[PDB]
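Reading through the C-alpha cells given below for one structure.
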Amino acid sequence: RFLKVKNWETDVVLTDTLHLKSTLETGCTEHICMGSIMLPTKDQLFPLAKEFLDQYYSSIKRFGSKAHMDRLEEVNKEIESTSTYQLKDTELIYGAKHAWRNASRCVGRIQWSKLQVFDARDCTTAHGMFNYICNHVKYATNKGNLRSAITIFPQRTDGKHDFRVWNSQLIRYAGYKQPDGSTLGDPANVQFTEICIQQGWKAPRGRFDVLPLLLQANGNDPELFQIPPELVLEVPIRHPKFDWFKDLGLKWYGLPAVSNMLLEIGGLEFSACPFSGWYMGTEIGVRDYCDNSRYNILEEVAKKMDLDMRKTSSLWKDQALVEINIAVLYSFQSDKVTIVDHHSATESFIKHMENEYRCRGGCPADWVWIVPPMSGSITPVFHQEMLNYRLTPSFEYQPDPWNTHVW
Amino acid sequence: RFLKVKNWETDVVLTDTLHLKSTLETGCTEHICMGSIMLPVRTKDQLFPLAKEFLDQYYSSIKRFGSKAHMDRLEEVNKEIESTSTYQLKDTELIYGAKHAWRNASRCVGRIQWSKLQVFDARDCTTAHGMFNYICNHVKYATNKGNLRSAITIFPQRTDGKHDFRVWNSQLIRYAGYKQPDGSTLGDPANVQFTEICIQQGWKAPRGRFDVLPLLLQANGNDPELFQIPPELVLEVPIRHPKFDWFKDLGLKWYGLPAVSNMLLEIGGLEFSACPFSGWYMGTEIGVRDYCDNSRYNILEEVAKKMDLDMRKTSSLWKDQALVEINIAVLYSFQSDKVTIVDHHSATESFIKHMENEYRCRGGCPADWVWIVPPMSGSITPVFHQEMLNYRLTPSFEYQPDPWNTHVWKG
Ligand code: HEM
Ligand code: HEM
Ligand SMILES: C[C@H](O)[C@H](O)[C@H]1CNc2nc(N)[nH]c(=O)c2N1
Ligand SMILES: C[C@H](O)[C@H](O)[C@H]1CNc2nc(N)[nH]c(=O)c2N1
Ligand SMILES: CCSCC(=N)NCCC[C@H](N)C(=O)O
Ligand SMILES: CCSCC(=N)NCCC[C@H](N)C(=O)O
Ligand SMILES: [Zn+2]
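These protein sequences, in sequence, are chains A and B. Those letters in the first sequence? Residues 299 to 338, 350 to 716, per PDB author numbering, in order. Those letters in the second sequence? Residues 299 to 338, 348 to 718, per PDB author numbering, in order.
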C-alpha cells in the first residue's frame, strides 16, 4: 500500500502514496500484465463531482470551508435538477492542468502548470469551432516560440449532441492509396483522408498535404474547413553536414496538437478538447519518418549515405536513424521552432518526477511510452522504475466518431 | 477467456489462451501496473499439487497423459513425498523441466532456441571442489572454441533450506570492480560488492580493468570456497572497429560466454538454487549496457572525444552517434574472431517469429516488453511494435536473495 520505485543508475528510491487515490482501472490483473497494450446517470455523476471539488478546494487550501460546502451543495442541486452541472472557470482551468499533470504517457509534464486554457464552452457551430481552432493554432505556434495550450468545447449532454474534432491532430498530412499499390503521403491518415474526400475535400494528392479540419458541433454532421496556410508553420529538413539531405524533399509541421481525445473533469466529458505542446525530436525523426508503416524512409537515407546494407550487423539502420534525427533537431533549431531532444526531455521528466514525489507523493508514468524509441538506456528514464495508474481529471481515448456518428 | 495482442506495424492480431495456465502473481493489480519494476522450506501439502501439475504437463508433452506410466509415476511421487517429504526428478523430467523454464522466461529474447538446451545433471555433486569441476566442464562445453552452445548445469535441489548449493557469482565469468580511495572505480562497478567478498575470502586481486573473477562456491550449505577458472577456458574478445583504428587503443575486451549463475530454477515444486545456464550475447548487452551505462564502464565520453563529435550540446546527438559506433565495434570484433553473437535486429526478428509460432502451437508466449525491446534503436526493431502479455508459468527461473545476505557462517 506504500510503494517504492528505484532508479538503478542513481540508487535513488522514491515512495509512492499517490496511487491510493487511483480511480480508474489499469487493464492489468495479478495474473497478467498488460503494460504494453496500446488500448487495454445522476447516480454516478455526483460522487464524481464531489471527488473533483474536494481536490480543488484542498488545492486552494479551503478544504471543508463554507465556500467548499456551498459549492458542493450548489452542484448537488444542479445535478438533481438539470442532471448535469457547469464548472466555474477556475475549476475548468484546474481540471485541464491536472488532466495533463495526470497524463502518464507524457514526458513533457514538467510544464504542466503553464498550460494556457481557452474556454470555448460558448461555441455552437462548426464555423465557431473553426475560429477557435485557428486562434489556438496561432497562439500556440507564436511564430516558432511555441506555447502549450488547450481549447475546450461544450461538454457532452445526452451524447446525441457531442462536439468532436474528427482529425487525430489539428495538423497532419494526407495519406492516399495508389493504383501503384504503394502509399503516397502519411499511411497513418489514409482512412481519415478517405472521410475528407468523400465529404467533399479536393485533395492535391501530394506527399505533404495538410489535411482540412473536419468539425462536428452539437452532434451535427461534421463540416470541412482548411486551416489558413499562413498559420501552419512547417520546417524543411536539412542535415548540417549532408548537403544531399535536402533532396529527399522532407518537411514536418511545428505544432503537435492532439485533437481526438476526451477530457474528463469531475465526471463531466469534453469530447472536443484539442491540446498542443511542442515536439521531442524522436517523435518525427524516429517514429514519423522511420516506422515501416509511416514514411519509412530508412532505406533511402541509408542508400544516400553509401552504407553496407547487405547485413543487419553493420548497424546501417541504426546509423541512418541517428543522422535523420540529427537533421530534424538541426532544422527546427535553425528555423527557431521550439523542439526538444530526447536527452533533454527525459532529464527534465526525471526532475519533474522527483518534484512530484516530494510535493504530491507520486507521479503516474507509463515506462513503455516515456522511454524514447531510440537510445533508450542512454536516457535516464530507462533506469527509472515507474508506477502506472489512472488519476482523474484525465485525458482518455475515445472511439473514432465515423464509427459512431449517425449521419 | 481469449486475450488478443496486436502488432501495430503489421496489424497481425494473436490470441492468448496460455495465460489461463498461469499460477504465480505479477505485482500488478487492476489499479496499478508494476510492469517496469525490476523485482516486484516447503510443506508436503503444498508440494504434491505442484508435483502433480508438473507431471500432468510432462506426461501431456510426451502424449502419455493418463497412461499407466503416468498414473504409476504420480503414485510413486506421492509416496516419496509422504515418506521423505520431498522427491527426486527423473532425468527426463529434469531435462524437460529446464527446457521449459527457458521457454517460460518472459524477459528472454533468445527463446527461439529453447528446445536445444544441453542439460548437465549435477545432482550427484557434494562438494565445492565438485561444483568447480562441473562448472569448468560447462564453460568448456558451452564455449566450444567460439561456436557457442546453450547449456545449463543443475546441482542438487533444496532440502531443508540449511543445505543449499549456491554459486555466489552472479555470472560464471564477469570482471572485478574495485572502489578506489578517491571514489573512482577500476573495472566493472556492478561487481564491486562481490569482488570485495572475494578479497575478504582471500582472492589475490590483480587490480586491473578486466580481471576475471574467481568462482565462489557453496555446496550442501557449507561456507563457500574460491576457485580460479583456468584462463585457457575463458574465451575473450579484444574490441576493435572496422574503420576506426584508434578504437583498439581504448583497451577494451569482453568475455564471449554469458552465463547467469545466481537464479533459482523451480520444477514441480522443487528448488534448484544453483543452476548456472548460458547462451550467447546479443551485441547491445555489451555495447549499450556493459560499456555505456553510467554505472558500468561508462565509455561514451572517451569515445565521442576520439570521434571529435560536437559535445557542447546534447542536441547534436553525440551520445547516440558514439553509441552506434561502439555497438558496430562489438559486433565486428566477435564476428572477426568467430565468436557467436547476434545483433539486435536479427535477434528481435527471430523472437517475433518464435512468438507467433508459440501462439499457434502453444496458445501463448509470455513476454516482458520492458526487457525484450533493445536498449538502443527500440522502434526500428519489430518488438517495439508488438503488444505482449506478461505472466508467470512454471517451470521457471526466479530471482533469489544474494547468498551473503542470508548465509549462516560456520567459520
Ligand atoms: C509542452 C511540451 C510537451 C512535450 C515536450 C510533450 C511530450 C510528449 C510525448 C513525446 C508524448 C508521446 C507522444 C507519442 O508517442 O505519440 C506525449 C504524449 C502525450 N501528452 Fe505530452 N507533451 C507536451 C505537452 C502536452 C500537453 C500541453 C498536454 C495536455 C494538455 C499533453 C498530454 C499528453 C497526452 C494525453 C499524451 C498521450 C497521447 C496519446 O496517448 O496519444 N502533452 N507527450
Ligand atoms: C541462446 C542464446 C540466448 C540469447 C541470445 C539470449 C538473450 C537474452 C537477453 C538479451 C537477455 C536480457 C539480459 C539482460 O538485460 O541482462 C536475456 C535474459 C534472460 N535469459 Fe536469455 N538468451 C539466451 C539463452 C538463454 C538460456 C540458455 C537461458 C536459460 C536456459 C536463458 C534465460 C534467460 C533468463 C531467465 C533471462 C532474464 C535474466 C534476468 O532476469 O536477469 N537465456 N536473454
Ligand atoms: C506495442 C507498444 O505498446 C507500442 O508500440 C508503443 C510502445 N511505446 C510507445 N511510446 C510512445 N511514446 N509512443 C508510441 O506510439 C508507443 N507505441
Ligand atoms: C527500471 C527498468 O525496468 C530497468 O532499467 C530495466 C529496463 N529494461 C531492461 N531490459 C533489459 N533487457 N535488461 C535490463 O537490465 C533492463 N533494465
Ligand atoms: C499534444 C500533446 S503531447 C505533445 C507532443 N510532443 N507530441 C504529441 C503527439 C505527436 C505525435 N507523436 C507526432 O509525432 O506527430
Ligand atoms: C545466460 C542466459 S541469457 C543469455 C544472454 N544473452 N544474456 C544473459 C545476461 C548477460 C548480461 N546482460 C551481460 O551483459 O553480461
Ligand atoms: Zn502491469
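Each residue gets a CB set at the ideal place from its N, CA and C atoms; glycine is no exception.
Are the CB atoms of residue i and residue j nearer to each other than 9 Å?
i	j	result
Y666 of chain B	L337 of chain B	no
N634 of chain A	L571 of chain B	no
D309 of chain B	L301 of chain B	no
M683 of chain B	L616 of chain B	no
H692 of chain B	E307 of chain B	yes
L520 of chain B	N476 of chain B	yes
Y366 of chain B	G373 of chain B	yes
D398 of chain B	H377 of chain B	no
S703 of chain A	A358 of chain A	no
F472 of chain A	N385 of chain A	no
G575 of chain A	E360 of chain A	yes
Residues of chain A with CB closer than 8 Å to the CB of residue i, please, in chain order.
i	result
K626 of chain B	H652, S684, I687
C672 of chain B	None at all; the shortest Cβ gap to chain A is about 13 Å.
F361 of chain B	Result: empty, since nearest Cβ-Cβ is about 19 Å, beyond 8 Å.
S703 of chain B	Within 8 Å Cβ-Cβ: nothing; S703 of chain B doesn't reach chain A, min ~14 Å.
Of the residues the options, which one's Cα is nearest the Cα of residue i?
i	options	result
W421 of chain B	B:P463, B:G685, B:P681, B:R410	B:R410
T713 of chain A	A:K469, A:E307, A:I442	A:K469
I402 of chain A	A:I442, A:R669, A:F427	A:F427
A512 of chain B	B:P531, B:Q535, B:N527	B:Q535
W587 of chain B	B:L564, B:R418, B:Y598	B:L564
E705 of chain A	A:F355, A:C582, A:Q425	A:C582
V680 of chain B	B:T655, B:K660, B:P673, B:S703	B:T655
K351 of chain A	A:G670, A:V416, A:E389	A:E389
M589 of chain B	B:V690, B:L424, B:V303, B:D650	B:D650
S568 of chain A	A:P710, A:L577, A:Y394	A:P710
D495 of chain A	A:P488, A:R514, A:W510	A:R514
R699 of chain A	A:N305, A:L322, A:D556	A:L322
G558 of chain A	A:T324, A:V637, A:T621, A:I504	A:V637
Using a Cβ-based criterion (distance less than 8 Å to any ligand heavy atom), does residue i qualify as near ligand 2?
i	result
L571 of chain B	no
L424 of chain B	yes
So, is the C-beta of residue i closer than 9 Å to a C-beta in chain A?
i	result
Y698 of chain B	yes
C415 of chain B	no
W676 of chain B	yes
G718 of chain B	no
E382 of chain B	no
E307 of chain B	yes
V310 of chain B	no
Please decide whether residue i counts as near chain B, where near means a Cβ-Cβ distance under 9 Å.
i	result
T327 of chain A	yes
residue 727 of chain A	The requested residue 727 of chain A is not part of the displayed model; chain A covers only 299 to 716.
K304 of chain A	yes
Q642 of chain A	yes
residue 343 of chain A	Missing here is residue 343 of chain A: after 338, the next number in chain A is 350.
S491 of chain A	no
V680 of chain A	yes
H692 of chain A	yes
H317 of chain A	yes
Under 8 Å Cβ-Cβ, which residues of chain B neighbour residue i?
i	result
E323 of chain A	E328, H329
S390 of chain A	Chain B residues near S390 of chain A: none, gap ~34 Å exceeds 8 Å.
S580 of chain A	Near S580 of chain A there are no residues of chain B at all, since even the closest Cβ is about 24 Å away, more than 8 Å.
Chain A partners of residue i, CB-CB under 7 Å?
i	result
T621 of chain B	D650, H652, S653
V631 of chain B	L624, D627, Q628, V631
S602 of chain B	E307
Say the cut is 8 Å; is the CB of residue i nearer than that to a heavy atom of ligand 1?
i	result
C672 of chain A	no
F584 of chain A	yes
Quick one: does the C-beta of residue i sit closer than 8 Å to a heavy atom of ligand 6?
i	result
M589 of chain B	yes
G417 of chain B	yes
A566 of chain B	yes
Would you check whether ligand 5 has a heavy atom nearer than 8 Å to the C-beta of residue i?
i	result
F427 of chain A	no
Give a single yes or no on whether residue i has its beta carbon closer than 8 Å to a heavy atom of ligand 7.
i	result
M336 of chain B	no
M332 of chain B	yes
Kindly list, in the order they appear in chain B, the residues whose Cβ is closer than 7 Å to that of residue i.
i	result
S334 of chain A	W676, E694, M695
Listing by chain order, which chain B residues have their CB less than 9 Å from the CB of residue i?
i	result
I635 of chain A	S622, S623, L624, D627, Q628
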